[PDB]
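A.B. asks: Please see the structure below; I have some questions.
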Amino acid sequence: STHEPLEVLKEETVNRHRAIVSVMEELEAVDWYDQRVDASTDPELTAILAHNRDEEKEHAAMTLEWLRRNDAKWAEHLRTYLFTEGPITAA
Amino acid sequence: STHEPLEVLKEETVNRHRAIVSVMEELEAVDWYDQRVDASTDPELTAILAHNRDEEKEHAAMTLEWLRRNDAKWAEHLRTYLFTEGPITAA
Amino acid sequence: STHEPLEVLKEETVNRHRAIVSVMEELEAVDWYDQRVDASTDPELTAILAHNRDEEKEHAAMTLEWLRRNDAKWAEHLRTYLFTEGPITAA
Amino acid sequence: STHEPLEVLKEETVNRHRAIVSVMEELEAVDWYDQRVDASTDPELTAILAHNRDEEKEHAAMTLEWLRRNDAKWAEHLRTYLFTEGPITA
Amino acid sequence: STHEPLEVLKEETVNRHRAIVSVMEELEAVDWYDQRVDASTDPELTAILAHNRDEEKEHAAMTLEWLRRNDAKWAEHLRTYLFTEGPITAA
Amino acid sequence: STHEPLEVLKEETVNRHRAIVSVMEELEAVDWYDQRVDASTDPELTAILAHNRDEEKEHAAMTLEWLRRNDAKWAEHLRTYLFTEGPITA
Amino acid sequence: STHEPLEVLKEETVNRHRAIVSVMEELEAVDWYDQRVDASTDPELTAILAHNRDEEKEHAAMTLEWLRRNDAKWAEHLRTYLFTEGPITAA
Amino acid sequence: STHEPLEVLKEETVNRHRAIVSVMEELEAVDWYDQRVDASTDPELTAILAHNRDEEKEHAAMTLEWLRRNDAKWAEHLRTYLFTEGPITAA
Amino acid sequence: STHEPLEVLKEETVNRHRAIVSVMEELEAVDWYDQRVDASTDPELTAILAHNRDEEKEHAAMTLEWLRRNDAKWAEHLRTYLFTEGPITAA
Amino acid sequence: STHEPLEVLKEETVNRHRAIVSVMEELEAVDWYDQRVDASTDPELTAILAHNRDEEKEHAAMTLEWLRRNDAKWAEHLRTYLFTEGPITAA
Ligand SMILES: [Ca+2]
Ligand SMILES: [Ca+2]
Ligand SMILES: [Ca+2]
Ligand SMILES: [Ca+2]
Ligand SMILES: [Ca+2]
Ligand SMILES: [Ca+2]
Ligand SMILES: [Ca+2]
Ligand SMILES: [Ca+2]
Ligand SMILES: [Ca+2]
Ligand SMILES: [Ca+2]
Ligand SMILES: [Ca+2]
Ligand SMILES: [Fe+3]
Ligand SMILES: [Fe+3]
Ligand SMILES: [Fe+3]
Ligand SMILES: [Fe+3]
Ligand SMILES: [Fe+3]
Ligand SMILES: [Fe+3]
Ligand SMILES: [Fe+3]
Ligand SMILES: [Fe+3]
Ligand SMILES: [Fe+3]
Ligand SMILES: [Fe+3]
C-alpha cells in the first residue's frame, strides 16, 4: 500500500506510514459514524453508533501521540496549535 | 461527499465532515511526500517535497485544533494522550 | 450511500444498511490493523495497533448483535453456527 | 489483496484475512440484495433476490464461526454481546 | 447504481439491471472464493470457502434463468451454446 | 488481477478466472448498452448500441458454456435452472 | 455517468458521450481479451477469447463511424490519419 | 498496468496495450472537455476547453491509425465502416 | 464531479474547478505518455506518444494561464517561482 | 505508482513522475478546499480552509517550477502562455 517500492523506504518512514494511514482510517470512521448517528431512526442502533464513534477518536489520538513522539515536525506543529486560544490562523 | 442526505445531518456534523476529510487529505499528503522524499534521486526536487511535506503537518494541526475546539470527545481524548510520557495505551 | 433510491427503501432496510456497512468497516479495520501489527518494527506502535484492533472486534460484535435482534434470518443463521463444535459445514 | 507484503505476515494472519474479506463480501451482498428486493418491480425476480439474500447470511455466519474459533478476542467479544437482552451498550 | 438517470429508463430495463449486477456479483464471489480455496492453509476454512463458492454458482444460475425468461436474445444465445458438444465457436 | 499470488493458484483456477472475468465484463456491457439504448435520442446510434448489446450476450453465452464444461458445479447448477418452467426458486 | 449536470448539456453532447464511452469500453475489452488470449493455457477458451476480441473491434468501428458522421472535427482528423502510409506524425 | 504478468505477454500485445489505453484516455478527454464546454460560464475558458478537445481527437486518430497498421482485425473492421454512407449496421 | 452541492458553490468557484480538473488530467496524460515512451518497443508508436505528450503540456500551460488570470493567489505564487534561476525553496 | 515497470523507466522519467503527481495532488487540494470554503457555515473553519488552500497553490507553483527546469517542452510551452496578454489560444 506504499507508493514507492519498500526497498528504497527507510524503516522509520514505513512505520510512520502505518501510523498515518491508521489515523486516516480512524478519522473516516469518526466521520461516517457521526453521519449515521444523525440519520439513524433506531434508538438502539444510534447508541451503538455513537459509542463506536467516540472510541475511534481515542484510537486516533493514541496514534497521533505516537506520530508526535516520533517526528520532530509533527511535534513542533502540534505544540504550536493544540490546546490554544484565539484565532487558529494567528498562532 | 456525505454518506447520508444533507437534510438529515446537523450543521455541525457537516462542518466536522469538512474538517475531518481535510485532515485525512493532509495526512495522505504527508505520507505520500515522505515516501517520495526517500525515493527521489534529485536533491532539488527532494528539497521541495520535504518543504511541502512539513507544511501539510501544519495544515493538519490547525484543523485538528478546530476539531478539538468544536467536539467534546475530541477535546477529551486529545487531552488524555497528547504530550504525555510513558506507555501510550495507558495514559 | 445506497444502491437504490432511498424513497423505495423501507425504513428497516435503511437501518440494516447502516449496521451492515458499519460491521464491514470494522472487519476491514481488524484485518488491516492485524497486518500492520505483523509488519510493524516499532514496539510502541505495535502495542497501539493491537489495542485498537481488538476494540474494533468489540464494535463489530455490538453491531452484529443489533442485526441479530432486528432480522429474523440473521437470528436463525447466527443461532445455527455460532458457539458450536465440530465441522462447521455440517451444522 | 494484502496491504503488507506476504513475507512479513504470519500464515494465521493471512488465513484470517481470507475469512474476514469473505465475511465483508457476504455482508455487502446481503445489503445489496435487500435493497434490490425493496426496489424490484418484478415478483419472480424478487423471490430469487430474497432467496439469495438469506443464503448469504448463512455464508457469513459460517465464516464468522470459523473466525471466532481461530481468534481469541473475536470469541471473547462475540460471547459478550451475541444472544443477549437489554441495552447492547452494557 | 445506473449509468443513465432512472427517469429515462424503462422499468423493465431497471429490473434487468438488478438481475445483471446480481449475476456479476455472484461471478465475482465464485472467482474470489476459488482463489482463496487454492491459497488457504487451514483445511476447516477451505471447506467453508468451497461450500460458499458453489452456492454462489446456484445464485447466478437462478438469476440467469430469470434473464433468459425476460430477454429474447439472452434466450436465443443461451439456447445456441449451453449444453452442447463439439467446438463452442462452431455451435 | 488475481487476489492471491499466482504461484499458489492451480492453472485451471487461473483459466476459470479468465473466463469468469470475461463473462462479468460482457454482462456489464449488456447492461450499459441497454441503458444507453433507452436514453439515446439518436435512432442511428440506438441501432448500433442495440446491435452491439445483443452480440455481447452471445459472447457471454459462449464463455459460460466453457465454464459449464470445465466446472462440475457450474454444470450442476446451470442444469437445475436453465431452460426450465414453473417458479425458479424451486 | 456525465461530469456535468444533464440540464446544462446539449442533447447532441449527451449522445456523443454515449458513443464515446461505448468506444472506450470496446477498446478496454479488446485489450483485456488480447492479454487473456496470450496468457490462457486452455486452447478452447483461447479460441472463444479471440473470437470475442475481434468482434469488439467491429463494435468499436461501427460506433466510431457514427461519431465521424456526427462531429466535424472527428471527421476531419480521422480523414487526415486513417488509411495512410508513411510517418503518422507527418500526415 | 496490464492484467496478466508481462512475462507471458508478447511484446506486440504490450505495445498494442500502450496504444489502446492511449486512445481510451483521449476519448475520455474529448468527452470531458465537451461537457465542460457546454457548462462553462466563462468564454475565455470555453475557447481553451474547445481547442484542447479538438486536439485530443487528433491524438486519438493518430494512435488509432497505428493500431490499424499493427492489427489485422482493426484494419479489416475500420475499413468496413469508416467513411461509408447509409445505415451503419449494414456495411 | 464536485464535492459540495452546486447550489452552494459560487459560479467562479465552479469555473475554476473546470480548469483545475483539466490541468490535472493534462498532467496525468503527460506522465503516462512519458512512461509509455520509455517502455515502448515500437519506434512508430513511440513517436506518436511523444508528440501527444508534448501537446498535453501546451494544453496544461494554456489552462494554467487562465487560472493565473482568474485567481489572485495563483497569480501571486506562480509569479514568485516560475521563470526563476536560484534555488526554488528560497524564492 | 508507475504504469510501466521501474526497470524500463529512466531515472529522470520517474522523478518527473514524482513531481507531476505532486502537482496533481496539490491542484486537487486547491479545488476541494475552495469548494469547502464556499460551503462552510463555520467562519473559524473557513479561515483555516482558505489559509491551507492558498498555501497549496504555493506548493504547486514550486513543484511546477522544478518541472519547468527539468523538461524542455514544459519550459517552452509555459513560456509561451504564462503571463501573456490577449487571447490565450492565439499566443
Ligand atoms: Ca475504513
Ligand atoms: Ca489528495
Ligand atoms: Ca513482525
Ligand atoms: Ca446450505
Ligand atoms: Ca462483491
Ligand atoms: Ca442453496
Ligand atoms: Ca468494461
Ligand atoms: Ca427512450
Ligand atoms: Ca484521463
Ligand atoms: Ca531571470
Ligand atoms: Ca536538474
Ligand atoms: Fe478504530
Ligand atoms: Fe495541505
Ligand atoms: Fe471501530
Ligand atoms: Fe455468498
Ligand atoms: Fe451469492
Ligand atoms: Fe463483448
Ligand atoms: Fe463489445
Ligand atoms: Fe491528448
Ligand atoms: Fe490534452
Ligand atoms: Fe500541499
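Sequence order for the protein chains is H, G, F, E, D, C, B, A, J and I. Residue 7 is where the first sequence starts when you use PDB author numbering, and the numbers rise one by one after that. Residue 7 is where the second sequence starts when you use PDB author numbering, and the numbers rise one by one after that. Residue 7 is where the third sequence starts when you use PDB author numbering, and the numbers rise one by one after that. Residue 7 is where the fourth sequence starts when you use PDB author numbering, and the numbers rise one by one after that. Residue 7 is where the fifth sequence starts when you use PDB author numbering, and the numbers rise one by one after that. Residue 7 is where the sixth sequence starts when you use PDB author numbering, and the numbers rise one by one after that. Residue 7 is where the seventh sequence starts when you use PDB author numbering, and the numbers rise one by one after that. Residue 7 is where the eighth sequence starts when you use PDB author numbering, and the numbers rise one by one after that. Residue 7 is where the ninth sequence starts when you use PDB author numbering, and the numbers rise one by one after that. Residue 7 is where the tenth sequence starts when you use PDB author numbering, and the numbers rise one by one after that. From the three backbone atoms N, C-alpha and C, an ideal C-beta is built for every residue, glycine too.
1) Looking at chain E, which residues of the region 60-75 of chain D have a Cβ within less than 7 Å of any of its Cβ atoms?
2) Specify which residues have a beta carbon nearer than 7 Å to any heavy atom of ligand 11, listing them in chain order.
3) Can you find the residues in the same chain that come closer than 6 Å, C-beta to C-beta, to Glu62/G, ignoring five residues on each side of it along the sequence?
4) Are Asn58/H and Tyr39/H closer than 8 Å when you measure CB to CB?
5) For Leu55/E, which residues from the same chain have a beta carbon less than 7 Å from its beta carbon, with the 5 sequence-adjacent residues on both sides left out?
6) Where do the N-terminal and C-terminal ends of the alpha helix (DSSP H) with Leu33/A fall, by residue?
7) Using 8 Å for Cβ pairs, my map puts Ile26/A next to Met68/B. What's the rounded Cβ distance?
8) Where does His83/E fall in DSSP's three states?
9) When burial is assigned at 16 or more other CB atoms within 10 Å of the CB, is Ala66/J buried or exposed?
10) Is there at least one non-hydrogen atom of ligand 12 closer than 7 Å to the beta-carbon of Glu32/H?
11) Find the residues of chain A that neighbour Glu13/C, judging by a C-beta separation of less than 8 Å, and give them in chain order.
12) Taking the C-alpha atoms as reference points, what is the distance between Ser7/B and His9/D?
13) Any idea what DSSP makes of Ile94/C, helix, strand or coil?
14) Compute the minimum distance between the beta carbon of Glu62/B and the heavy atoms of ligand 17, and state whether it is under 7 Å.
15) Is it true that the CB of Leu51/D sits closer than 8 Å to the CB of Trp72/E?
16) Do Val14/F and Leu70/F have their C-beta atoms within less than 8 Å of each other?
17) Exposed or buried, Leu12/F, counting other C-beta atoms within 10 Å across all chains shown (16 or more means buried)?
18) Mapping the DSSP letters down to three states, classify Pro49/A as helix, strand or coil.
19) Taking CB distances under 8 Å as the criterion, tell me whether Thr95/A reaches chain C.
20) Whose CB is closer than 7 Å to a heavy atom of ligand 10? List the residues in chain order.
21) So, does the CB of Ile54/A fall closer than 8 Å to a CB anywhere in chain J?
22) What do you reckon, are the CB atoms on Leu84/F and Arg75/F nearer than 8 Å?
23) DSSP on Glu10/I, reduced to helix/strand/coil?
24) Mind checking whether the beta-carbon of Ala35/D lies closer than 7 Å to any heavy atom of ligand 15?
25) Could you give the distance in angstroms between the alpha-carbon of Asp48/G and the alpha-carbon of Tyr87/I?
26) Taking all protein chains shown into account, do 16 or more other C-beta atoms lie within 10 angstroms of the C-beta of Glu64/C, making it buried, or fewer, making it exposed?
27) Determine, using beta carbons only, whether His9/G comes closer than 8 Å to chain F.
28) In this structure, does DSSP put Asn76/F in helix, strand or coil?
29) What did DSSP end up calling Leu70/J once you bin it into helix, strand or coil?
30) What does the alpha-carbon distance come out to for the pair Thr19/J and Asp77/J?
31) So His57/J contacts chain B; which residues on that side make the cut at Cβ distance below 8 Å?
C.D. replies: Short version:
1) Under the 7 Å Cβ criterion, the region 60-75 of chain D contributes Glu61, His65, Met68, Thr69 and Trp72.
2) Those satisfying the condition are, in chain order, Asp48/G, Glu50/G, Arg75/I and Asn76/I.
3) Hits under 6 Å: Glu32, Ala35 and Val36.
4) Yes, they are a contact pair.
5) By the criterion of a C-beta distance shorter than 7 Å, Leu55/E is surrounded in its chain by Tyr39, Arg42, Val43 and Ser46, once the five residues flanking it on both sides are discounted.
6) Note, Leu33/A: alpha helix (DSSP H), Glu17 to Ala45.
7) With 8 Å as the limit, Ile26/A and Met68/B do not qualify as a contact, their Cβ atoms being about 17 Å apart.
8) In the structure shown, the three-state DSSP call for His83/E is helix.
9) Buried, because 16 or more other Cβ atoms sit within 10 Å of the Cβ of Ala66/J.
10) Yes, the Cβ of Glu32/H comes within 7 Å of a heavy atom of ligand 12.
11) Result: empty, since nearest Cβ-Cβ is about 11 Å, beyond 8 Å.
12) Each residue's alpha carbon lies about 5 Å from the other.
13) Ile94/C sits in coil when the DSSP states are folded into three classes, being neither helix nor strand.
14) Yes; taking the cut-off as 7 Å, the Cβ of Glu62/B has a heavy atom of ligand 17 nearer than that.
15) Result yes, Cβ atoms of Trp72/E and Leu51/D sit closer than 8 Å.
16) No.
17) Flag for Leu12/F reads exposed.
18) In the three-state scheme derived from DSSP, where H, G and I count as helix and E and B as strand, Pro49/A is classed as helix.
19) At a cut-off of 8 Å between beta-carbon atoms, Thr95/A makes contact with chain C.
20) Answer in sequence order: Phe89/J, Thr90/J and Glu91/J.
21) Chain J, which has a Cβ nearer than 8 Å to the Cβ of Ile54/A, makes this yes.
22) Taking C-beta atoms as the reference points, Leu84/F and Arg75/F fail to come closer than 8 Å.
23) Coil, per DSSP.
24) Distance from the C-beta of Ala35/D to the nearest heavy atom of ligand 15 is below 7 Å.
25) Looking at the two C-alpha atoms, the distance is approximately 27 Å.
26) The residue is buried, with at least 16 neighbouring Cβ atoms inside 10 Å.
27) Interface residue (Cβ-Cβ distance to chain F less than 8 Å): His9/G is classified as such.
28) It is coil, neither helix nor strand.
29) In this structure, DSSP gives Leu70/J a helical state, which the three-state scheme calls helix.
30) If you draw a straight line from the Cα of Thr19/J to the Cα of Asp77/J, it comes to about 10 Å.
31) The answer, in chain order, is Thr95.
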